[PDB]
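A quick write-up on the structure given underneath.
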Amino acid sequence: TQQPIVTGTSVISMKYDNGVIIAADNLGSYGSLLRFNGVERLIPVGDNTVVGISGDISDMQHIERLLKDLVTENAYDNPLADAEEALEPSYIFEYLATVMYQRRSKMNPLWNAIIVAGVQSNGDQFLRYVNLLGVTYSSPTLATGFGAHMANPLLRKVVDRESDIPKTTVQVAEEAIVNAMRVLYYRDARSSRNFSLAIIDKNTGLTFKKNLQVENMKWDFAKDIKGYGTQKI
Amino acid sequence: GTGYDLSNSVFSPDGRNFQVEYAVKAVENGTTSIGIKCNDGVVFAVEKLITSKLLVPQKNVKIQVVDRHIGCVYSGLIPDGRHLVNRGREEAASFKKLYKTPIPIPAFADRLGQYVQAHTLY
């Protein structure tokens, strides 16, 4: 049993007609102190999977190392490591889910919430969540922490059920996610303006975008708000 | 007297370890394999005897990778070869885990060296 020290906030994601999108800001908080700003919380594995992690950062770094080892190991005595026997997004998730549940069962968890986003070899979209309790689930949209409360409602207005997936384009989807990131920056006190976003398309492959920023924010109306009730000036 | 060649870690009167020498015979009886160091890398190659037309071509790979930067090929008892590479892989992962940097080839060599030397002590 432990307690998280350096933490990463929300990880939001969703799937569209040809793939999945996943994003996460670049902050590493230390309680109320916004301590680190160059933190990458999106972990690409191969070119068909991206693992987004929130929660304890030291544990994230540990999971990172676990992931690199998976890749190294899978290549051992594997002439098809970059083909028929390359790591599938579903293998990566099952592995992490197994570790997460084993660790919680030993009462020594990896204090994280994880979303594995990717595209299977047959083209199918893959989006599944696993957390420190070993709990797992799938939905057209997935978000951790604060994003679960504010991002899911927005992303679900785009893809409210399975049938909405084939009707959603990368443009529409990426737009939703980028809007959600801005909302989170407005109401989440542990968020950052800078974030990374990744797209995994069954045709265009893995596109990883770094150093994005929340733009087009509305603050002007703030000048009109004075006092907390009766004050006029 | 005699019998110095029946047990593995025994010194014969002339200071030799006959069991190791007999192991060498197993090696000389094996397929030929080589390595050539170039100006910025190394090349490994080996002979794969085709026992019959039944062996699927290109399938029974012999060269093995350790970590992501080391190549290994051997002659002799193949299973012993795999055994040694498995150890090498653990040895490499352990090194990276503690020091972060992938294991230097010289360091990797002594790891394999100490392990093999260990099998001539008992």
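Each chain in the structure tokens gets a letter, A, B and so on, in the order shown; residues start at 1 in every chain, and ligands are counted from 1 in the order they appear.
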Taking the DSSP secondary structure from the backbone, can you list the residues of stretch 66-214 of chain A that are helix (DSSP H, G or I), as a PDB file with N, CA and C atoms, in the first residue's frame?
ATOM      1  N   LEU A  66       8.379  -1.473 -18.474  1.00  0.00           N
ATOM      2  CA  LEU A  66       7.770  -2.772 -18.725  1.00  0.00           C
ATOM      3  C   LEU A  66       7.418  -2.888 -20.195  1.00  0.00           C
ATOM      4  N   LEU A  67       6.869  -1.812 -20.753  1.00  0.00           N
ATOM      5  CA  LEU A  67       6.479  -1.807 -22.158  1.00  0.00           C
ATOM      6  C   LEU A  67       7.665  -1.964 -23.108  1.00  0.00           C
ATOM      7  N   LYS A  68       8.767  -1.274 -22.835  1.00  0.00           N
ATOM      8  CA  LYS A  68       9.937  -1.401 -23.695  1.00  0.00           C
ATOM      9  C   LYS A  68      10.438  -2.839 -23.684  1.00  0.00           C
ATOM     10  N   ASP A  69      10.396  -3.475 -22.516  1.00  0.00           N
ATOM     11  CA  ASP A  69      10.832  -4.858 -22.376  1.00  0.00           C
ATOM     12  C   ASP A  69       9.943  -5.796 -23.160  1.00  0.00           C
ATOM     13  N   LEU A  70       8.649  -5.507 -23.205  1.00  0.00           N
ATOM     14  CA  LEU A  70       7.732  -6.345 -23.957  1.00  0.00           C
ATOM     15  C   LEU A  70       8.187  -6.370 -25.412  1.00  0.00           C
ATOM     16  N   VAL A  71       8.471  -5.191 -25.953  1.00  0.00           N
ATOM     17  CA  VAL A  71       8.914  -5.065 -27.335  1.00  0.00           C
ATOM     18  C   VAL A  71      10.206  -5.836 -27.585  1.00  0.00           C
ATOM     19  N   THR A  72      11.184  -5.645 -26.708  1.00  0.00           N
ATOM     20  CA  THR A  72      12.466  -6.324 -26.820  1.00  0.00           C
ATOM     21  C   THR A  72      12.274  -7.836 -26.819  1.00  0.00           C
ATOM     22  N   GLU A  73      11.548  -8.312 -25.816  1.00  0.00           N
ATOM     23  CA  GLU A  73      11.276  -9.730 -25.643  1.00  0.00           C
ATOM     24  C   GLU A  73      10.547 -10.329 -26.840  1.00  0.00           C
ATOM     25  N   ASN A  74       9.493  -9.660 -27.288  1.00  0.00           N
ATOM     26  CA  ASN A  74       8.699 -10.160 -28.406  1.00  0.00           C
ATOM     27  C   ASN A  74       9.539 -10.364 -29.657  1.00  0.00           C
ATOM     28  N   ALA A  75      10.624  -9.607 -29.766  1.00  0.00           N
ATOM     29  CA  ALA A  75      11.492  -9.706 -30.929  1.00  0.00           C
ATOM     30  C   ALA A  75      12.403 -10.930 -30.852  1.00  0.00           C
ATOM     31  N   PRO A  89      -2.410  -4.385 -30.074  1.00  0.00           N
ATOM     32  CA  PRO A  89      -2.841  -3.538 -28.959  1.00  0.00           C
ATOM     33  C   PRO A  89      -3.519  -4.380 -27.880  1.00  0.00           C
ATOM     34  N   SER A  90      -4.269  -5.397 -28.296  1.00  0.00           N
ATOM     35  CA  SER A  90      -4.965  -6.244 -27.334  1.00  0.00           C
ATOM     36  C   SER A  90      -4.017  -7.077 -26.466  1.00  0.00           C
ATOM     37  N   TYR A  91      -2.828  -7.391 -26.970  1.00  0.00           N
ATOM     38  CA  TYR A  91      -1.881  -8.174 -26.172  1.00  0.00           C
ATOM     39  C   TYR A  91      -1.315  -7.264 -25.085  1.00  0.00           C
ATOM     40  N   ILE A  92      -0.989  -6.044 -25.481  1.00  0.00           N
ATOM     41  CA  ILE A  92      -0.427  -5.070 -24.572  1.00  0.00           C
ATOM     42  C   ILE A  92      -1.367  -4.792 -23.417  1.00  0.00           C
ATOM     43  N   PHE A  93      -2.653  -4.679 -23.728  1.00  0.00           N
ATOM     44  CA  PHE A  93      -3.630  -4.393 -22.700  1.00  0.00           C
ATOM     45  C   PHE A  93      -3.811  -5.560 -21.749  1.00  0.00           C
ATOM     46  N   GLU A  94      -3.976  -6.756 -22.303  1.00  0.00           N
ATOM     47  CA  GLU A  94      -4.158  -7.929 -21.465  1.00  0.00           C
ATOM     48  C   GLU A  94      -2.980  -8.075 -20.494  1.00  0.00           C
ATOM     49  N   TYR A  95      -1.787  -7.737 -20.968  1.00  0.00           N
ATOM     50  CA  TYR A  95      -0.599  -7.821 -20.146  1.00  0.00           C
ATOM     51  C   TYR A  95      -0.707  -6.841 -18.984  1.00  0.00           C
ATOM     52  N   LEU A  96      -0.939  -5.572 -19.298  1.00  0.00           N
ATOM     53  CA  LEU A  96      -1.052  -4.554 -18.268  1.00  0.00           C
ATOM     54  C   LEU A  96      -2.190  -4.857 -17.293  1.00  0.00           C
ATOM     55  N   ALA A  97      -3.332  -5.297 -17.816  1.00  0.00           N
ATOM     56  CA  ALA A  97      -4.471  -5.624 -16.970  1.00  0.00           C
ATOM     57  C   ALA A  97      -4.078  -6.715 -15.981  1.00  0.00           C
ATOM     58  N   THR A  98      -3.280  -7.663 -16.454  1.00  0.00           N
ATOM     59  CA  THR A  98      -2.845  -8.751 -15.611  1.00  0.00           C
ATOM     60  C   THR A  98      -1.949  -8.226 -14.505  1.00  0.00           C
ATOM     61  N   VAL A  99      -1.013  -7.365 -14.860  1.00  0.00           N
ATOM     62  CA  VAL A  99      -0.114  -6.802 -13.870  1.00  0.00           C
ATOM     63  C   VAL A  99      -0.863  -5.939 -12.863  1.00  0.00           C
ATOM     64  N   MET A 100      -1.778  -5.107 -13.351  1.00  0.00           N
ATOM     65  CA  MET A 100      -2.528  -4.231 -12.458  1.00  0.00           C
ATOM     66  C   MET A 100      -3.310  -5.031 -11.425  1.00  0.00           C
ATOM     67  N   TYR A 101      -4.000  -6.074 -11.866  1.00  0.00           N
ATOM     68  CA  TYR A 101      -4.780  -6.870 -10.926  1.00  0.00           C
ATOM     69  C   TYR A 101      -3.896  -7.669  -9.953  1.00  0.00           C
ATOM     70  N   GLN A 102      -2.748  -8.148 -10.419  1.00  0.00           N
ATOM     71  CA  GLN A 102      -1.852  -8.893  -9.549  1.00  0.00           C
ATOM     72  C   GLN A 102      -1.309  -7.977  -8.462  1.00  0.00           C
ATOM     73  N   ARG A 103      -0.926  -6.766  -8.855  1.00  0.00           N
ATOM     74  CA  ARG A 103      -0.392  -5.798  -7.910  1.00  0.00           C
ATOM     75  C   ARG A 103      -1.431  -5.350  -6.878  1.00  0.00           C
ATOM     76  N   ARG A 104      -2.689  -5.195  -7.282  1.00  0.00           N
ATOM     77  CA  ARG A 104      -3.689  -4.787  -6.303  1.00  0.00           C
ATOM     78  C   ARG A 104      -3.974  -5.975  -5.398  1.00  0.00           C
ATOM     79  N   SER A 105      -3.831  -7.186  -5.930  1.00  0.00           N
ATOM     80  CA  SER A 105      -4.086  -8.372  -5.133  1.00  0.00           C
ATOM     81  C   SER A 105      -2.995  -8.645  -4.103  1.00  0.00           C
ATOM     82  N   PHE A 146     -10.650  13.560 -13.947  1.00  0.00           N
ATOM     83  CA  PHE A 146     -11.526  14.671 -14.303  1.00  0.00           C
ATOM     84  C   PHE A 146     -12.176  14.537 -15.672  1.00  0.00           C
ATOM     85  N   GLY A 147     -11.422  14.017 -16.629  1.00  0.00           N
ATOM     86  CA  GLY A 147     -11.944  13.839 -17.970  1.00  0.00           C
ATOM     87  C   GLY A 147     -13.152  12.927 -18.023  1.00  0.00           C
ATOM     88  N   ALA A 148     -13.284  12.037 -17.045  1.00  0.00           N
ATOM     89  CA  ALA A 148     -14.419  11.132 -17.036  1.00  0.00           C
ATOM     90  C   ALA A 148     -15.683  11.938 -16.803  1.00  0.00           C
ATOM     91  N   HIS A 149     -15.564  12.973 -15.976  1.00  0.00           N
ATOM     92  CA  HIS A 149     -16.705  13.810 -15.645  1.00  0.00           C
ATOM     93  C   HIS A 149     -17.029  14.892 -16.658  1.00  0.00           C
ATOM     94  N   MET A 150     -15.999  15.462 -17.273  1.00  0.00           N
ATOM     95  CA  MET A 150     -16.221  16.537 -18.225  1.00  0.00           C
ATOM     96  C   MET A 150     -15.988  16.196 -19.690  1.00  0.00           C
ATOM     97  N   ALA A 151     -15.054  15.296 -19.974  1.00  0.00           N
ATOM     98  CA  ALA A 151     -14.783  14.940 -21.360  1.00  0.00           C
ATOM     99  C   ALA A 151     -15.801  13.955 -21.916  1.00  0.00           C
ATOM    100  N   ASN A 152     -16.071  12.878 -21.183  1.00  0.00           N
ATOM    101  CA  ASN A 152     -17.027  11.890 -21.674  1.00  0.00           C
ATOM    102  C   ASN A 152     -18.358  12.488 -22.118  1.00  0.00           C
ATOM    103  N   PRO A 153     -18.925  13.432 -21.339  1.00  0.00           N
ATOM    104  CA  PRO A 153     -20.210  14.000 -21.771  1.00  0.00           C
ATOM    105  C   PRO A 153     -20.111  14.687 -23.139  1.00  0.00           C
ATOM    106  N   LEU A 154     -18.993  15.367 -23.381  1.00  0.00           N
ATOM    107  CA  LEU A 154     -18.783  16.058 -24.649  1.00  0.00           C
ATOM    108  C   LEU A 154     -18.512  15.078 -25.785  1.00  0.00           C
ATOM    109  N   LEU A 155     -17.572  14.160 -25.575  1.00  0.00           N
ATOM    110  CA  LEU A 155     -17.228  13.188 -26.604  1.00  0.00           C
ATOM    111  C   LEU A 155     -18.395  12.269 -26.924  1.00  0.00           C
ATOM    112  N   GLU A 162     -22.351   2.629 -30.379  1.00  0.00           N
ATOM    113  CA  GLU A 162     -21.532   1.977 -31.392  1.00  0.00           C
ATOM    114  C   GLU A 162     -21.771   2.469 -32.825  1.00  0.00           C
ATOM    115  N   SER A 163     -23.033   2.486 -33.248  1.00  0.00           N
ATOM    116  CA  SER A 163     -23.389   2.900 -34.603  1.00  0.00           C
ATOM    117  C   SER A 163     -22.897   4.288 -35.017  1.00  0.00           C
ATOM    118  N   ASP A 164     -22.493   5.110 -34.057  1.00  0.00           N
ATOM    119  CA  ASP A 164     -22.008   6.445 -34.388  1.00  0.00           C
ATOM    120  C   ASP A 164     -20.536   6.438 -34.804  1.00  0.00           C
ATOM    121  N   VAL A 170     -12.074  11.666 -38.615  1.00  0.00           N
ATOM    122  CA  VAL A 170     -10.903  12.040 -37.827  1.00  0.00           C
ATOM    123  C   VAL A 170     -10.966  13.518 -37.476  1.00  0.00           C
ATOM    124  N   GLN A 171     -11.465  14.317 -38.418  1.00  0.00           N
ATOM    125  CA  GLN A 171     -11.581  15.757 -38.216  1.00  0.00           C
ATOM    126  C   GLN A 171     -12.536  16.041 -37.073  1.00  0.00           C
ATOM    127  N   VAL A 172     -13.752  15.509 -37.180  1.00  0.00           N
ATOM    128  CA  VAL A 172     -14.764  15.694 -36.149  1.00  0.00           C
ATOM    129  C   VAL A 172     -14.214  15.217 -34.799  1.00  0.00           C
ATOM    130  N   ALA A 173     -13.738  13.971 -34.769  1.00  0.00           N
ATOM    131  CA  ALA A 173     -13.190  13.380 -33.555  1.00  0.00           C
ATOM    132  C   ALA A 173     -12.051  14.206 -32.947  1.00  0.00           C
ATOM    133  N   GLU A 174     -11.047  14.546 -33.746  1.00  0.00           N
ATOM    134  CA  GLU A 174      -9.939  15.323 -33.205  1.00  0.00           C
ATOM    135  C   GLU A 174     -10.399  16.666 -32.675  1.00  0.00           C
ATOM    136  N   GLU A 175     -11.452  17.198 -33.276  1.00  0.00           N
ATOM    137  CA  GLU A 175     -11.980  18.486 -32.861  1.00  0.00           C
ATOM    138  C   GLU A 175     -12.584  18.367 -31.468  1.00  0.00           C
ATOM    139  N   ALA A 176     -13.344  17.297 -31.253  1.00  0.00           N
ATOM    140  CA  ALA A 176     -13.988  17.057 -29.971  1.00  0.00           C
ATOM    141  C   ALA A 176     -12.925  16.974 -28.887  1.00  0.00           C
ATOM    142  N   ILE A 177     -11.952  16.101 -29.107  1.00  0.00           N
ATOM    143  CA  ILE A 177     -10.874  15.918 -28.150  1.00  0.00           C
ATOM    144  C   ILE A 177     -10.156  17.221 -27.830  1.00  0.00           C
ATOM    145  N   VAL A 178      -9.841  18.005 -28.855  1.00  0.00           N
ATOM    146  CA  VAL A 178      -9.149  19.267 -28.632  1.00  0.00           C
ATOM    147  C   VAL A 178     -10.024  20.243 -27.842  1.00  0.00           C
ATOM    148  N   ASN A 179     -11.331  20.188 -28.063  1.00  0.00           N
ATOM    149  CA  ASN A 179     -12.234  21.072 -27.335  1.00  0.00           C
ATOM    150  C   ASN A 179     -12.256  20.628 -25.872  1.00  0.00           C
ATOM    151  N   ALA A 180     -12.373  19.316 -25.667  1.00  0.00           N
ATOM    152  CA  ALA A 180     -12.405  18.734 -24.325  1.00  0.00           C
ATOM    153  C   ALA A 180     -11.149  19.118 -23.546  1.00  0.00           C
ATOM    154  N   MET A 181      -9.991  19.075 -24.201  1.00  0.00           N
ATOM    155  CA  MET A 181      -8.755  19.452 -23.532  1.00  0.00           C
ATOM    156  C   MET A 181      -8.839  20.884 -23.025  1.00  0.00           C
ATOM    157  N   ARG A 182      -9.479  21.758 -23.795  1.00  0.00           N
ATOM    158  CA  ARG A 182      -9.622  23.149 -23.374  1.00  0.00           C
ATOM    159  C   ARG A 182     -10.556  23.245 -22.165  1.00  0.00           C
ATOM    160  N   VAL A 183     -11.667  22.513 -22.202  1.00  0.00           N
ATOM    161  CA  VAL A 183     -12.596  22.551 -21.077  1.00  0.00           C
ATOM    162  C   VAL A 183     -11.879  22.120 -19.785  1.00  0.00           C
ATOM    163  N   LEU A 184     -11.112  21.040 -19.874  1.00  0.00           N
ATOM    164  CA  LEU A 184     -10.391  20.533 -18.722  1.00  0.00           C
ATOM    165  C   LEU A 184      -9.426  21.588 -18.186  1.00  0.00           C
ATOM    166  N   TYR A 185      -8.870  22.407 -19.077  1.00  0.00           N
ATOM    167  CA  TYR A 185      -7.937  23.436 -18.639  1.00  0.00           C
ATOM    168  C   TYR A 185      -8.676  24.548 -17.896  1.00  0.00           C
ATOM    169  N   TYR A 186      -9.965  24.690 -18.190  1.00  0.00           N
ATOM    170  CA  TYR A 186     -10.792  25.702 -17.535  1.00  0.00           C
ATOM    171  C   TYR A 186     -11.185  25.294 -16.119  1.00  0.00           C
ATOM    172  N   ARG A 187     -11.671  24.057 -15.965  1.00  0.00           N
ATOM    173  CA  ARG A 187     -12.160  23.611 -14.664  1.00  0.00           C
ATOM    174  C   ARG A 187     -11.310  22.662 -13.810  1.00  0.00           C
TER     175      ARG A 187
END
- request: Find the residues near stretch 82-87 of chain B: any atom within 8 Å, counting only C-alpha atoms, skip ones fewer than 2 places away on the same chain, and give them as a ChimeraX atom specification.
  value: /B:64,66,72,78-80,89-91,112
task: Restrict the distance test to only C-alpha atoms, flag each residue of chain B within 10 Å of chain A, and return the flagged residues as a VMD selection string.
output: chain B and resid 58 to 68 86 89 93 97 100
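Going from atom CA of residue A:3 over to atom CA of residue A:56, you cover 8.4 Å.
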query: With only C-alpha atoms as the atoms that count, which of B:70, B:11, B:19, B:96 lies nearest to residue B:42?
result: B:70
message: Let's see if you can do this: from backbone DSSP, list all strand (DSSP E) residues in chain A, as a PyMOL selection string.
response: chain A and resi 6-8+12-15+19-25+28-30+33-36+42-45+49-56+112-119+125-131+136-137+141-143+194-201+205-213
Output for the residues just chosen: C-alpha atoms as a PDB file, in the first residue's frame:
ATOM      1  CA  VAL A   6       3.986  13.049  -8.521  1.00  0.00           C
ATOM      2  CA  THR A   7       0.777  12.754 -10.554  1.00  0.00           C
ATOM      3  CA  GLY A   8      -0.624  13.161 -14.046  1.00  0.00           C
ATOM      4  CA  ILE A  12      -9.188  11.262 -22.731  1.00  0.00           C
ATOM      5  CA  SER A  13      -9.876   9.218 -25.863  1.00  0.00           C
ATOM      6  CA  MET A  14     -12.455   8.005 -28.373  1.00  0.00           C
ATOM      7  CA  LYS A  15     -12.753   6.037 -31.565  1.00  0.00           C
ATOM      8  CA  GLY A  19      -9.159   4.521 -35.744  1.00  0.00           C
ATOM      9  CA  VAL A  20      -8.825   5.983 -32.275  1.00  0.00           C
ATOM     10  CA  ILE A  21      -7.608   9.239 -30.752  1.00  0.00           C
ATOM     11  CA  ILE A  22      -5.993   9.697 -27.345  1.00  0.00           C
ATOM     12  CA  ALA A  23      -4.624  12.797 -25.594  1.00  0.00           C
ATOM     13  CA  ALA A  24      -3.059  13.864 -22.268  1.00  0.00           C
ATOM     14  CA  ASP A  25      -1.503  17.094 -21.000  1.00  0.00           C
ATOM     15  CA  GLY A  28       3.424  16.224 -13.462  1.00  0.00           C
ATOM     16  CA  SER A  29       1.861  17.619 -10.300  1.00  0.00           C
ATOM     17  CA  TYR A  30       3.160  17.380  -6.740  1.00  0.00           C
ATOM     18  CA  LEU A  33       2.337  22.348  -6.873  1.00  0.00           C
ATOM     19  CA  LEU A  34       2.422  22.191 -10.685  1.00  0.00           C
ATOM     20  CA  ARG A  35       6.028  20.950 -10.541  1.00  0.00           C
ATOM     21  CA  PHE A  36       6.978  19.372 -13.893  1.00  0.00           C
ATOM     22  CA  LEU A  42       1.272   8.989 -23.923  1.00  0.00           C
ATOM     23  CA  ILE A  43       3.369   5.875 -24.547  1.00  0.00           C
ATOM     24  CA  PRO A  44       3.597   4.599 -28.098  1.00  0.00           C
ATOM     25  CA  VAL A  45       4.250   0.872 -28.451  1.00  0.00           C
ATOM     26  CA  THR A  49      -0.698   1.223 -30.050  1.00  0.00           C
ATOM     27  CA  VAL A  50      -0.548   4.171 -27.670  1.00  0.00           C
ATOM     28  CA  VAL A  51      -0.818   3.786 -23.891  1.00  0.00           C
ATOM     29  CA  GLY A  52      -2.049   6.847 -21.989  1.00  0.00           C
ATOM     30  CA  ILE A  53      -1.317   6.924 -18.252  1.00  0.00           C
ATOM     31  CA  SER A  54      -2.615   9.020 -15.350  1.00  0.00           C
ATOM     32  CA  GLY A  55      -1.816   8.697 -11.675  1.00  0.00           C
ATOM     33  CA  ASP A  56       1.559   8.209 -10.006  1.00  0.00           C
ATOM     34  CA  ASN A 112      -2.569   4.512 -12.182  1.00  0.00           C
ATOM     35  CA  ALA A 113      -5.511   4.667 -14.556  1.00  0.00           C
ATOM     36  CA  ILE A 114      -4.593   3.514 -18.061  1.00  0.00           C
ATOM     37  CA  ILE A 115      -6.195   3.667 -21.498  1.00  0.00           C
ATOM     38  CA  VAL A 116      -4.809   1.517 -24.282  1.00  0.00           C
ATOM     39  CA  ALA A 117      -5.640   2.883 -27.716  1.00  0.00           C
ATOM     40  CA  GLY A 118      -4.767   1.255 -31.002  1.00  0.00           C
ATOM     41  CA  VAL A 119      -5.761  -0.632 -34.123  1.00  0.00           C
ATOM     42  CA  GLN A 125     -10.319  -0.221 -33.350  1.00  0.00           C
ATOM     43  CA  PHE A 126      -9.150  -0.990 -29.819  1.00  0.00           C
ATOM     44  CA  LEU A 127      -9.944   1.100 -26.781  1.00  0.00           C
ATOM     45  CA  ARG A 128      -9.944  -0.327 -23.257  1.00  0.00           C
ATOM     46  CA  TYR A 129      -9.286   0.967 -19.738  1.00  0.00           C
ATOM     47  CA  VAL A 130      -7.592  -0.564 -16.683  1.00  0.00           C
ATOM     48  CA  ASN A 131      -6.792   1.016 -13.296  1.00  0.00           C
ATOM     49  CA  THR A 136     -11.381  -2.902 -16.917  1.00  0.00           C
ATOM     50  CA  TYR A 137     -13.967  -1.721 -19.407  1.00  0.00           C
ATOM     51  CA  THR A 141     -15.177   7.082 -25.485  1.00  0.00           C
ATOM     52  CA  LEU A 142     -12.932   6.693 -22.425  1.00  0.00           C
ATOM     53  CA  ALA A 143     -11.448   9.196 -20.019  1.00  0.00           C
ATOM     54  CA  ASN A 194       0.306  21.961 -23.080  1.00  0.00           C
ATOM     55  CA  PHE A 195      -0.612  18.477 -24.184  1.00  0.00           C
ATOM     56  CA  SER A 196       0.176  15.636 -26.547  1.00  0.00           C
ATOM     57  CA  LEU A 197      -2.314  13.943 -28.847  1.00  0.00           C
ATOM     58  CA  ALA A 198      -2.006  10.757 -30.858  1.00  0.00           C
ATOM     59  CA  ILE A 199      -4.021   9.286 -33.702  1.00  0.00           C
ATOM     60  CA  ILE A 200      -3.922   5.663 -34.752  1.00  0.00           C
ATOM     61  CA  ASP A 201      -5.589   5.210 -38.116  1.00  0.00           C
ATOM     62  CA  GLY A 205      -0.954   4.649 -39.151  1.00  0.00           C
ATOM     63  CA  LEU A 206       0.255   6.274 -35.946  1.00  0.00           C
ATOM     64  CA  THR A 207       0.434  10.063 -35.854  1.00  0.00           C
ATOM     65  CA  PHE A 208       1.932  11.476 -32.658  1.00  0.00           C
ATOM     66  CA  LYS A 209       1.530  15.227 -32.112  1.00  0.00           C
ATOM     67  CA  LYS A 210       3.631  16.930 -29.424  1.00  0.00           C
ATOM     68  CA  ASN A 211       3.562  20.440 -27.924  1.00  0.00           C
ATOM     69  CA  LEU A 212      -0.078  21.246 -28.678  1.00  0.00           C
ATOM     70  CA  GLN A 213      -1.719  24.087 -26.762  1.00  0.00           C
TER      71      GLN A 213
END
